[PDB]
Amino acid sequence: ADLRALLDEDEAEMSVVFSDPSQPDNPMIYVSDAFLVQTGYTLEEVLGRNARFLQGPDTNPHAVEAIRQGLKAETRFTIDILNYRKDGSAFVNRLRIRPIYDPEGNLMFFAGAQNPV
């Protein structure tokens, strides 16, 4: 069950995760294999968790709060945020987030794509 199949025909992204905002702490319910391999985590380490663990020692905490407010807004947004892989290595992530809507316009999931730049 590849939830990337819910994204548009135009969009083709490797590292993608899907979260469920109706569950406590907005946990990830699906991650692509590219997400796992690029970060170095196993499924057991990430499923059911909020994606904020990609942050680390030099991440700007206001960038973190920006993402939280953007999610509350249920809109498309992109932000350059310093992130980290399981092994501690750092990268600038051009993080792209978009709400995924049901056919009636209700929020179903958030999709978020990781893009090292």
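Residue indices: 1-based, along the sequence shown.
Comparing 62-70 with 32-40, the higher mean C-alpha B-factor in the PDB entry belongs to 62-70.
Taking the mean C-alpha B-factor of each stretch as recorded, 7-15 and 102-110 are not equal, and the higher mean is that of 7-15. For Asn83, the recorded CA temperature factor ranks within the lowest third of the chain's modelled residues. Sort the chain's modelled residues by C-alpha temperature factor and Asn26 lands in the highest third, per the entry.
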